[PDB]
Amino acid sequence: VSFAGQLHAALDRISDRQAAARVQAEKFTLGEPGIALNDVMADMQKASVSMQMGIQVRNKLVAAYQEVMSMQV
Amino acid sequence: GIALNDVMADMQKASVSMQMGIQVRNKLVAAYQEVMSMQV
Amino acid sequence: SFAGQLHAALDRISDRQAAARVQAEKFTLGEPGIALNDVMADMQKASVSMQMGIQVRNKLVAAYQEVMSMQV
Amino acid sequence: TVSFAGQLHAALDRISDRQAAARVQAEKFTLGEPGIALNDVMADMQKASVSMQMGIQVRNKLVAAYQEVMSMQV
Amino acid sequence: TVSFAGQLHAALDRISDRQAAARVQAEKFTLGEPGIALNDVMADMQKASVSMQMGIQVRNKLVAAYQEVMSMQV
Amino acid sequence: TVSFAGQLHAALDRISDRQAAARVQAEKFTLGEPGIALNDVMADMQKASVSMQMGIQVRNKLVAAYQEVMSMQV
Amino acid sequence: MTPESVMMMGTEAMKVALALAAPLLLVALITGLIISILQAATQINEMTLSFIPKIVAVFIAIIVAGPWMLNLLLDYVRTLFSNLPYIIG
Amino acid sequence: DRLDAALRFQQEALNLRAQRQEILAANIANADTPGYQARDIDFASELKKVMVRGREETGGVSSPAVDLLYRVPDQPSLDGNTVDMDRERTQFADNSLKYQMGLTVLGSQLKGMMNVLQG
Amino acid sequence: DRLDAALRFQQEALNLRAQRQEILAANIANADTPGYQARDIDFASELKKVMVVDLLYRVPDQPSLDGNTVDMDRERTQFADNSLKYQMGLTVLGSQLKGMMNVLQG
Amino acid sequence: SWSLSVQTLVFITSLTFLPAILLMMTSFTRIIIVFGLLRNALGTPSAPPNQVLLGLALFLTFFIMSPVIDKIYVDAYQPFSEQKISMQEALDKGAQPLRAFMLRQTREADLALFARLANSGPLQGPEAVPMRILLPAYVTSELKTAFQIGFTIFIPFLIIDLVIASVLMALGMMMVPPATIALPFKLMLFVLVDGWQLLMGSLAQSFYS
Amino acid sequence: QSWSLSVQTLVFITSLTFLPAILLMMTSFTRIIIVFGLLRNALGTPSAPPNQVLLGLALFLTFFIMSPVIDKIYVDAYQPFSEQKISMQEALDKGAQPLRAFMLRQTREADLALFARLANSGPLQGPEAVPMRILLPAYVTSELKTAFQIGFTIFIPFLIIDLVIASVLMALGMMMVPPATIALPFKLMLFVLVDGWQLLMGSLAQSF
Amino acid sequence: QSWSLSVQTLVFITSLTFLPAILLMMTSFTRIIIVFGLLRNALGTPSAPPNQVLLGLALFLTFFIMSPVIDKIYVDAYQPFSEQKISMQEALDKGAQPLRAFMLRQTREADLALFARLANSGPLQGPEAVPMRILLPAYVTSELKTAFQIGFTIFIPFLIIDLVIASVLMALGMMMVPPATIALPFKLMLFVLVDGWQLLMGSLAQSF
Amino acid sequence: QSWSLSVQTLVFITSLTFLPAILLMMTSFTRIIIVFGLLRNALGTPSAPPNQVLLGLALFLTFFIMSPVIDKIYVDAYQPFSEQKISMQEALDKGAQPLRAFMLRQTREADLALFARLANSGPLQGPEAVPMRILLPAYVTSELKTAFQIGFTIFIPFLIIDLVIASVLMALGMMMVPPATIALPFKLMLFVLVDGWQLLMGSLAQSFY
Amino acid sequence: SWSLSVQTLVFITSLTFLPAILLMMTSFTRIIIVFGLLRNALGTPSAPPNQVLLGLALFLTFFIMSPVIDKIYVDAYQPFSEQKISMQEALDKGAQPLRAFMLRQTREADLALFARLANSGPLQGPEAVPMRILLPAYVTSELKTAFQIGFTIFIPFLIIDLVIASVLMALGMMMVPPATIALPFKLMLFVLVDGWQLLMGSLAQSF
Amino acid sequence: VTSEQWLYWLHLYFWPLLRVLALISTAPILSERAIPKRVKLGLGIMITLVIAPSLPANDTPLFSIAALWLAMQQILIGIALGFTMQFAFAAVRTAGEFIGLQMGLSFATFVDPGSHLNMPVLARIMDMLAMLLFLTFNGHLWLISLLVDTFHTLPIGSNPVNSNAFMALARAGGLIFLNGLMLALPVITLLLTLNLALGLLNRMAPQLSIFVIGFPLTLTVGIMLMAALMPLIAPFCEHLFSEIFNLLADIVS
């Protein structure tokens with residue numbers, strides 16, 4: 001609804017993806033049937049990419065905030 | 001859906017446009033304060 | 001005079017940038033006879049020239065501000 | 001009578017001479033000259049880069065000092 | 001009788017002795033002197049680098065602090 | 001009664017005891033004492049490294065905030 | 001907070017200023033008038049001899065009433081700073 | 001407008017590189033599927049087409065408006081697929097390097113601009 | 001510490017894999033001892049127990065005359081599988097630590 | 001809850017905005033403006049080398065915001081550190097005591113104005129005011145209070161100059177600058193009436209009243 | 001018990017950021033710099049000696065005044081810490097003592113009482129119970145008050161010269177002259193014939 | 001004992017950082033700058049010569065005055081160091097001696113005694129062993145006093161001119177005519193006729 | 001013998017910082033602005049034209065005065081530099097000579113002799129062998145003296161007007177009338193009718209020749 | 001058309017000289033000098049703040065440049081969008097109204113002096129005066145015009161001061177300073193005739 | 001998904017920020033240098049955060065001359081509002097300085113105009129009293145509200161503009177004088193009479209009066225007169241604020 005709401009939604013989505021990948025990895029390590037190593041490894045890959053995207057967005061956002069707070073008034 | 005190629009490119013533009021706006025406003029404000037700091 | 005020399009320098013820098021951009025554009029389409037190393041070298045030379053122009057502008061602006069701040 | 005301008009000119013000439021020697025050696029090595037080795041070329045280039053960086057830093061400190069001194073209110 | 005210049009001189013000298021000791025150890029190992037091990041050579045070189053970086057950081061902090069103190073309007 | 005200095009001391013203690021615990025585990029594993037596993041040694045060392053990086057980043061943010069607050073003019 | 005309070009504190013402030021400045025100004029005025037009437041009686045006219053006793057009189061005025069002014073102004077400032085957090089809006 | 005127009009060629013070329021690599025990865029994935037003709041796109045013609053007329057989609061299941069052309073097979077196969085692995089891996093590596101080149105050019109231009117907006 | 005809670009599962013899995021690897025290699029080494037029983041642990045149950053060791057005897061397949069119940073093929077496959085899973089656990093733990101690191105680097 | 005990587009990222013990012021919290025959500029602002037105005041009043045635009053005033057203001061703010069920080073720690077930081085309250089709920093729990101302090105000092109007129117500017121519905125009680133309305137209302141109230149305090153501070157230091165100029169003018173010394181004479185007397189006044197203890201106590205009461 | 005060496009390095013290099021703050025708030029730099037600024041204002045010329053010279057001179061004066069405290073800290077904290085005989089935290093606690101005594105000796109009672117009132121302090125007892133976070137602001141307030149007390153009486157002779165010259169000039173008749181213009185050389189004469197700089201340094205040092 | 005090369009360049013850059021402080025507190029820059037500012041104030045023209053012009057003039061005059069000291073440092077200290085004859089420590093120690101001698105030549109014994117007694121230094125036999133930490137503040141104070149003396153003396157002819165023009169205007173009855181407007185052109189004429197600029201620079205150089 | 005490109009760029013950018021110093025100590029600017037600083041005092045209005053207007057007018061006048069010197073530098077030195085027929089060192093050596101001649105022709109011999117004696121320089125055979133370290137401060141000194149001469153001469157007609165107005169005011173018994181406010185409009189009259197600004201700039205330009 | 005980055009560099013660089021453009025190219029100097037002289041006339045050098053005078057001069061400058069701004073909009077702002085003309089040629093076309101204005105407000109003597117200061121012999125036509133010769137001449141002409149307007153403003157206040165002093169002297173007073181008496185009368189004359197609005201009307205008419 | 005279109009948010013949050021910050025840097029009390037710069041920037045940012053989502057977003061690119069025209073428009077609106085508000089304090093300062101000059105407080109201006117020796121202490125007194133009154137009447141809130149309201153009258157999008165309107169603000173320069181006299185008309189008048197009275201004393205025995213008896217008497221009389229006149233400014237203060245506000249409302253449109 002708002003910018004803070006959108007950022008919170010993005011953080012929740014990224015954390016949920018990471019938790020899903022971690023839970024599937026723990027389930028595979030547990031020995032439970034039906035969980036394939038292919039899916040585990042691909043989901044870990046996707047979670048890493050999403051984390052890196054979030055890190056880049058945070059870096060820029062902080063840079064833009066620092067730029068604005070340097071604006072002369 | 002939208003891919004990283006588009007997301008990153010628009011993100012960078014927006015950063016560039018915001019920096020341009022900040023610099024232009026800073027120049028305008030500096031000129032105004034130099035004018036008003038005059039001595040008549 | 002001085003404005004003419006500044007205009008000539010700016011024109012040379014922009015011609016550098018335009019040549020590099022056009023060469024990279026032609027190479028992107030797959031046109032033959034343009035090599036990657038030449039494209040990268042031209043891009044870096046254009047960047048160096050533009051940075052030199054930026055630095056010269058900064059020094060000139062600082063000098064003008066310092067001169068105009070004197071107490072007559 | 002020691003003059004600072006003379007010392008600055010000497011330092012600039014030394015930096016330029018080192019850079020020119022490294023550039024000439026690299027050019028000769030590229031042209032297939034026998035009595036020049038790659039490790040010497042790279043080491044000389046790195047030494048020239050270090051010297052020029054030292055010159056740049058000294059110039060920056062000198063400019064900062066000059067701009068601080070000339071900004072006084074007497 | 002505590003002089004800050006004295007302590008700075010002591011720290012600078014200690015860094016210099018560490019660097020010189022590492023340099024001499026590497027020198028001797030290169031000349032093939034028995035009794036010198038490569039692992040100790042590399043470890044002492046890295047310790048010398050750590051000491052020099054610590055000196056660099058201390059100098060940076062001191063110079064910054066001096067410039068902030070020295071630029072106030074009296 | 002909260003104490004920011006007390007909280008910083010507690011955090012620094014947490015980091016230091018984590019590092020010391022990892023170091024002592026490596027000590028015992030090098031000495032050959034049974035019951036210590038190499039993977040546990042490496043994992044504890046990496047955990048200590050992560051904790052120290054946490055501390056370094058918090059230090060950077062706090063120092064930057066303090067400097068920006070103290071660089072302001074009233 | 002109310003404009004009545006603002007104007008009351010301003011008026012009291014400037015009456016304090018009047019009380020602080022009235023002895024010195026009045027002493028100077030009386031000395032000048034006395035010297036002027038003496039000049040008129042004696043038919044003497046130089047614009048500089050009226051400036052001489054005025055300084056001495058005004059400087060004596062600080063000797064005699066100076067402590068009173070210093071005690072009044074400090075009391076005013078003390079009360080103003082103490083009542084500052086009760087006239088906030 | 002001006003900044004958008006100046007950075008539009010390399011951005012569109014990089015997007016087309018991404019789509020071409022998606023197609024090449026699809027060809028590599030289906031390399032053992034019987035009865036699969038390898039697909040590829042003409043990069044230059046499609047790039048000029050996307051610049052003159054903006055990007056468009058068939059639906060939006062969604063897919064680009066690019067023309068998926070068939071690659072000429074090298075040698076016959078009984079199963080009936082024309083995915084020759086040498087061609088696929090050469091085009092994959094070439095597209096990889098060209099995408100990295102596009103990233104380098106675009107990043108250089110954007111820094112070349114932040115340098116100016118840097119006072 | 002919260003950092004321990006995030007990395008507790010993978011550390012315990014890695015340690016359990018190392019212990020079971022040692023047990024399997026002990027089974028391989030003592031293949032020729034007459035009267036030696038092949039022992040093993042149930043990985044999932046012990047992982048539950050540590051997160052919230054006991055050795056279980058392996059069911060013999062072929063009856064030998066010297067009382068040795070160690071089977072080469074079964075334990076060789078288990079040894080290779082445990083090596084693979086140890087590598088996978090190392091990979092996952094390293095990825096988690098590297099992510100926690102790139103979050104901080106800046 | 002969020003993954004530990006996300007929690008660390010959010011914590012590190014939130015550590016950036018500390019000056020913003022100090023300036024726009026804390027007592028620091030009306031603890032400074034008064035200092036700047038007083039320095040303008042005494043005629044010594046440098047005197048207490050800034051940094052000195054900033055340190056004094058920081059210590060004053062730390063002493064003043066102590067109950068709010070204590071309430072935040074006991075209600076939000078303690079349960080969060082003991083893994084009883086998630087990271088996304090500790091922030092919401094701790095934003096309430098700061099919001100209440102921000103209200104105890106924020107005037108009304110500002111609240112009504114910023115409730116009207118947002119086109120929000122009627123706010124029958126203070127419990128319906130969101131942070132988006134309280135933040136700038138609190139900022140404006142703090143600015144107005146600081147300026148009121150400074151402008152009543154300014155009066156005696158101008159009174160002294162007025163009487164000095166009048167006394168100088170009585171004797172005909174029309175070419176004597178009054179500021180040079182008034183500055184030592186202004187310093188003498190600020191020495192005599194416990195210049196700083198009274199100001200410190202007045203500011204502290206101005207917060208707790 | 002002792003901190004790890006990495007923790008020690010982190011704390012040590014982070015603490016150097018508060019060096020200007022320590023020098024300003026905790027040492028004698030504030031009083032000397034305020035007195036010097038007030039003296040320039042009192043000389044009739046606002047920027048005769050450049051700020052750089054005054055800042056360096058104040059730094060040297062602060063070092064000379066605090067040398068006994070620095071020696072006590074070195075004997076108590078720095079030397080036994082560097083020889084690896086005490087930990088870092090205990091060294092800091094031991095070294096905070098002479099600086100605490102120096103800060104207390106120049107602290108006004110009213111300042112300490114007020115800042116203990118604002119910090120909810122109840123039964124304080126021995127002068128050796130005041131915490132650092134309470135002692136520091138009281139010391140700063142006392143230093144500001146003392147600097148103002150010194151400055152307003154440094155102002156006195158120059159006001160005397162100004163008033164005497166203005167009175168003589170106007171009583172003589174030349175009321176159109178600016179008295180400050182004629183007075184400035186005489187202010188310089190008074191400052192140089194009294195040895196104003198040397199005596200001012202002597203007084204500033206003796207003030208402790 | 002010789003510092004390694006990286007330590008040497010670290011010392012060199014850190015010392016180059018302190019260049020303005022050395023110029024202000026060890027050379028003759030401060031006295032010339034103070035005298036120039038006082039002279040500008042004395043002519044009634046507070047901003048006629050721009051600050052940069054006077055700063056450049058003071059820098060050139062300082063370079064000319066300190067040329068013998070720089071030559072001594074080059075010949076005795078820097079030249080052997082540049083030919084690798086002596087290390088950096090001994091080169092710096094040898095280079096300190098000419099600059100100290102110059103600073104001791106232009107200091108007052110009373111200020112040296114004040115700073116020695118303040119720093120609790122033991123008895124020092126002769127000028128040979130006086131620490132730089134003691135000599136630098138004393139030299140700065142002596143330079144300040146000498147600069148104020150020179151400025152106050154310079155203030156005299158313009159005071160004579162102002163007084164004589166004010167008296168001439170007053171004896172004519174011109175009660176409301178300010179004397180500054182008439183005095184400023186005559187101050188300029190007086191300074192021009194006596195060849196004021198070169199004479200004052202020569203006097204400043206001769207006093208060193 | 002030529003410097004490397006990196007060293008040339010470093011030297012050029014470093015020398016770009018000395019532009020205000022070169023302008024003040026080497027060009028006509030010092031004589032112009034100083035005279036303006038006095039002219040606004042003679043007219044009785046310290047406000048006068050704004051400071052920036054006078055500074056820019058002085059800059060334009062300086063450029064017009066140094067147009068011949070700039071042209072000679074461009075022809076003799078910078079043109080071979082752009083057309084690759086000279087190095088940076090030789091260009092620096094050659095381009096300064098016309099500027100050195102320009103500085104020398106406005107340099108009083110007494111100041112030059114003073115700075116020689118003060119540098120303990122050997123016997124200079126002829127003007128051509130004068131070092132720049134000796135020519136620069138001597139030129140600045142002579143520049144200041146000439147500017148003060150021009151300013152004092154400028155101060156004359158306004159002094160005439162002030163004296164005449166004051167004498168007229170006092171001869172009528174109007175002793176209590178300050179003549180400065182009355183004489184200011186007549187000073188403006190004098191500067192307007194005679195075309196003071198154009199005449200002054202023409203006089204300055206001719207003075208430099 | 002040259003590179004976009006170079007265009008950005010040039011634009012931000014030219015943004016710095018905005019005070020120079022306001023002072024040297026527009027009329028701002030004239031109004032500011034007129035305001036300063038008028039303030040000096042009333043005898044109160046700090047009655048309206050310098051900030052207020054600067055802002056009033058800024059508003060007057062904006063109105064009196066509004067026709068030139070409109071011509072710039074027609075010749076430069078609009079065709080730069082339709083791309084019939086663009087870049088430096090359009091910049092020169094947009095600067096042309098500024099010349100025309102500065103040619104209108106510049107005297108011939110200043111232009112002649114600054115031409116003979118630049119050895120520009122063949123400058124025959126009057127619409128091809130270079131900027132280097134046009135700018136300082138325009139500034140000097142503005143200074144002369146502002147001083148003339150200031151003297152014209154000075155005349156009535158000087159008359160009032162003289163009249164007040166003469167009546168004081170004729171009435172027998174020889175010691176009363178006439179400035180104190182004449183100040184409120186100066187103000188009541190300035191307000192009653194509504195000096196300010198007629199002054200701005202004349203300045204607008206003064207072009 | 002994961003779009004977060006940045007250009008839309010930037011164009012929505014930029015121009016209102018430009019206008020709000022332009023008002024902030026010039027509006028009285030909100031433009032005083034004592035406020036730290038970051039506080040002003042944060043106040044502008046938060047006000048824009050509250051206001052902008054309700055406004056229609058503009059789509060003109062930041063890399064166009066249209067963006068420059070928009071920025072110039074916002075700066076003009078903000079500075080016009082702030083300056084029109086500042087005119088009232090200018091008028092109060094004028095009245096105070098004139099009362100002080102008739103006090104004879106700074107006599108050196110009559111002999112040396114602008115000679116670095118002037119102290120309008122009464123002008124400062126009534127200036128800060130006027131600032132206190134403006135704070136009491138919550139004028140700054142009104143200013144912020146009107147800054148918001150000028151959108152409905154004049155939207156962010158480039159709109160055509162008028163002329164004599166600028167004159168109005170410039171013609172407001174008359175009010176500073178006119179209303180200024182309205183604040184000084186009583187007291188100065190009586191002071192005038194006092195000076196007239198002093199003239200009657202000088203018509204007696206020559207000299208021996210004025211500069212020796214007139215100055216202290218007139219100083220004390222001015223002091224007590226305008227001390228009694230202090231209660232009078234507040235209705236005039238409200239009158240000045242109302243004049244500025246309705247002139248702004250009428251002319252901005």
# chains A, B, ... in the order shown; residues from 1 in each chain; ligands from 1
call {"tool": "select_by_dssp", "arguments": {"residues": "chain F", "states": "alpha helix (DSSP H)", "output": "number ranges by chain"}}
result
F: 4-31, 38-70
call {"tool": "residues_around", "arguments": {"residues": "residue 97 in chain I", "least_positions_apart": "6", "cutoff": "12 Å", "atoms": "only C-alpha atoms", "output": "compact mmCIF listing (two decimals) with N, CA, C and O atoms, in the first residue's frame"}}
result
# COMPACT_ATOMS: atom_id res chain seq x y z
N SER A 48 19.77 -17.91 -2.57
CA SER A 48 20.98 -17.09 -2.58
C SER A 48 20.83 -15.90 -3.52
O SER A 48 21.22 -14.77 -3.19
N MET F 42 36.43 -26.04 12.68
CA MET F 42 36.26 -25.09 11.58
C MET F 42 34.95 -24.32 11.71
O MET F 42 34.91 -23.10 11.47
N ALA F 43 33.87 -25.00 12.10
CA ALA F 43 32.59 -24.33 12.24
C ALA F 43 32.63 -23.28 13.35
O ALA F 43 32.08 -22.18 13.19
N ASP F 44 33.27 -23.60 14.48
CA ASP F 44 33.38 -22.63 15.56
C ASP F 44 34.24 -21.44 15.15
O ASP F 44 33.93 -20.29 15.50
N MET F 45 35.33 -21.69 14.42
CA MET F 45 36.15 -20.58 13.93
C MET F 45 35.35 -19.68 13.01
O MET F 45 35.43 -18.44 13.10
N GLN F 46 34.55 -20.26 12.11
CA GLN F 46 33.77 -19.45 11.19
C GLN F 46 32.67 -18.69 11.92
O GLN F 46 32.35 -17.55 11.56
N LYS F 47 32.08 -19.30 12.95
CA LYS F 47 31.10 -18.58 13.77
C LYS F 47 31.74 -17.39 14.47
O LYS F 47 31.14 -16.30 14.53
N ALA F 48 32.95 -17.56 15.00
CA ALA F 48 33.65 -16.45 15.62
C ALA F 48 33.94 -15.35 14.60
O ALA F 48 33.83 -14.16 14.91
N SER F 49 34.32 -15.74 13.38
CA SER F 49 34.55 -14.75 12.33
C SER F 49 33.28 -13.96 12.01
O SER F 49 33.33 -12.73 11.85
N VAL F 50 32.14 -14.65 11.92
CA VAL F 50 30.88 -13.97 11.66
C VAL F 50 30.54 -13.01 12.80
O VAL F 50 30.07 -11.89 12.57
N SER F 51 30.77 -13.43 14.04
CA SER F 51 30.50 -12.56 15.18
C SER F 51 31.38 -11.31 15.14
O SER F 51 30.91 -10.20 15.42
N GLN F 53 32.66 -9.94 12.47
CA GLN F 53 32.17 -9.09 11.39
C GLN F 53 30.92 -8.32 11.82
O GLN F 53 30.76 -7.14 11.47
N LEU I 3 22.71 -16.65 16.66
CA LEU I 3 23.56 -17.19 15.60
C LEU I 3 23.71 -18.70 15.72
O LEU I 3 23.74 -19.40 14.70
N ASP I 4 23.80 -19.22 16.95
CA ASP I 4 23.84 -20.66 17.15
C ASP I 4 22.57 -21.34 16.68
O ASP I 4 22.63 -22.41 16.06
N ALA I 6 20.43 -20.58 14.33
CA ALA I 6 20.39 -20.69 12.88
C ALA I 6 21.29 -21.79 12.35
O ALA I 6 20.89 -22.52 11.43
N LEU I 7 22.49 -21.94 12.90
CA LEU I 7 23.47 -22.91 12.43
C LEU I 7 23.51 -24.18 13.26
O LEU I 7 24.39 -25.02 13.04
N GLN I 10 22.56 -27.60 10.94
CA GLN I 10 23.60 -28.06 10.02
C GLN I 10 24.85 -28.52 10.75
O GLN I 10 25.48 -29.49 10.32
N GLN I 11 25.24 -27.84 11.83
CA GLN I 11 26.39 -28.30 12.61
C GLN I 11 26.14 -29.67 13.21
O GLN I 11 27.02 -30.54 13.17
N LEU I 90 28.52 -29.72 4.31
CA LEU I 90 29.54 -28.68 4.24
C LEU I 90 29.13 -27.57 3.28
O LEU I 90 29.28 -26.38 3.58
N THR I 91 28.60 -27.95 2.11
CA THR I 91 28.16 -26.96 1.13
C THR I 91 27.06 -26.07 1.69
O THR I 91 27.11 -24.84 1.55
N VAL I 103 25.73 -10.21 3.76
CA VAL I 103 24.80 -9.28 4.39
C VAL I 103 25.57 -8.18 5.13
O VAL I 103 25.18 -7.01 5.12
N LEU I 104 26.69 -8.54 5.76
CA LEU I 104 27.42 -7.59 6.60
C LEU I 104 28.43 -6.76 5.80
O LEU I 104 28.64 -5.59 6.11
N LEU J 4 17.50 -15.49 9.58
CA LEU J 4 18.53 -14.78 10.33
C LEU J 4 19.29 -13.80 9.44
O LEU J 4 19.69 -12.72 9.90
N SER J 5 19.50 -14.15 8.17
CA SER J 5 20.12 -13.21 7.24
C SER J 5 19.28 -11.95 7.08
O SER J 5 19.81 -10.83 7.10
call {"tool": "residues_around", "arguments": {"residues": "range 8-15 of chain H", "least_positions_apart": "2", "cutoff": "7 Å", "atoms": "only C-alpha atoms", "output": "PyMOL selection string"}}
result
(chain B and resi 5) or (chain H and resi 4-6+17-19+47+99+102+106)
call {"tool": "write_last_selection", "arguments": {"atoms": "N, CA, C and O atoms", "output": "compact mmCIF listing (two decimals), in the first residue's frame"}}
result
# COMPACT_ATOMS: atom_id res chain seq x y z
N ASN B 5 17.07 -7.98 -15.43
CA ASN B 5 17.57 -7.07 -16.45
C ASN B 5 16.82 -5.75 -16.45
O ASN B 5 17.42 -4.68 -16.57
N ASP H 4 16.83 8.24 -20.78
CA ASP H 4 16.19 6.98 -21.16
C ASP H 4 16.55 6.60 -22.59
O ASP H 4 16.81 5.42 -22.88
N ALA H 5 16.56 7.57 -23.50
CA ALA H 5 16.91 7.30 -24.89
C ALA H 5 18.38 6.94 -25.07
O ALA H 5 18.71 6.08 -25.89
N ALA H 6 19.27 7.58 -24.31
CA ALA H 6 20.70 7.31 -24.44
C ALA H 6 21.08 5.91 -23.97
O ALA H 6 22.00 5.32 -24.53
N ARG H 17 19.82 -10.41 -25.25
CA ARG H 17 20.81 -11.41 -24.87
C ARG H 17 20.23 -12.38 -23.84
O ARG H 17 20.43 -13.60 -23.94
N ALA H 18 19.51 -11.85 -22.85
CA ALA H 18 18.89 -12.72 -21.85
C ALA H 18 17.88 -13.67 -22.48
O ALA H 18 17.86 -14.87 -22.16
N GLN H 19 17.04 -13.17 -23.38
CA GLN H 19 16.05 -14.03 -24.02
C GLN H 19 16.71 -15.08 -24.91
O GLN H 19 16.29 -16.24 -24.93
N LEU H 47 16.92 -7.24 -32.78
CA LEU H 47 17.32 -6.07 -32.01
C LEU H 47 16.86 -4.79 -32.69
O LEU H 47 16.29 -3.91 -32.03
N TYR H 99 26.77 -11.02 -23.29
CA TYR H 99 25.99 -10.48 -22.18
C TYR H 99 26.88 -9.80 -21.14
O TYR H 99 26.53 -8.73 -20.63
N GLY H 102 27.76 -6.49 -22.58
CA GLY H 102 26.68 -5.54 -22.41
C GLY H 102 26.59 -5.00 -21.00
O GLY H 102 26.39 -3.79 -20.80
N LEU H 106 27.06 -1.01 -20.12
CA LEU H 106 26.02 -0.28 -19.41
C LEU H 106 26.51 0.25 -18.06
O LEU H 106 26.22 1.40 -17.70
call {"tool": "closest_atom_pairs", "arguments": {"of": "range 58-162 of chain L", "to": "range 4-11 of chain E", "cutoff": "12 Å", "atoms": "only C-alpha atoms", "output": "Markdown table"}}
result
| residue | atom | partner | partner_atom | distance |
| --- | --- | --- | --- | --- |
| L:89 | CA | E:9 | CA | 9.7 |
| L:131 | CA | E:5 | CA | 11.6 |
| L:132 | CA | E:5 | CA | 10.6 |
| L:133 | CA | E:5 | CA | 9.4 |
call {"tool": "write_last_selection", "arguments": {"atoms": "C-alpha atoms", "output": "mmCIF file, in the first residue's frame"}}
result
data_model
loop_
_atom_site.group_PDB
_atom_site.id
_atom_site.type_symbol
_atom_site.label_atom_id
_atom_site.label_comp_id
_atom_site.auth_asym_id
_atom_site.auth_seq_id
_atom_site.Cartn_x
_atom_site.Cartn_y
_atom_site.Cartn_z
ATOM 1 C CA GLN L 89 66.326 9.818 12.386
ATOM 2 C CA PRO L 131 63.432 20.570 24.422
ATOM 3 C CA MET L 132 61.431 21.571 21.365
ATOM 4 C CA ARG L 133 58.216 21.095 23.352
#
call {"tool": "atom_distance", "arguments": {"atom1": "CA of residue 170 in chain M", "atom2": "CA of residue 48 in chain M"}}
result
28.3 Å
call {"tool": "residues_around", "arguments": {"residues": "residue 27 in chain O", "least_positions_apart": "2", "cutoff": "10 Å", "atoms": "only C-alpha atoms", "output": "list in words"}}
result
residues 21, 22, 23, 24, 25, 29, 30, 31, 32, 78, 79, 80, 81, 82, 83, 84, 85, 86, 140, 143 and 144 of chain O
call {"tool": "residues_around", "arguments": {"residues": "residue 19 in chain E", "least_positions_apart": "4", "cutoff": "7 Å", "atoms": "only C-alpha atoms", "output": "PDB file with C-alpha atoms, in the first residue's frame"}}
result
ATOM      1  CA  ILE E  15      57.212  -1.204  13.441  1.00  0.00           C
ATOM      2  CA  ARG E  23      63.042  -8.561   5.457  1.00  0.00           C
ATOM      3  CA  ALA E  48      54.989  -7.105   9.772  1.00  0.00           C
TER       4      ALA E  48
ATOM      5  CA  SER L   4      62.391   0.635   6.636  1.00  0.00           C
TER       6      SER L   4
END
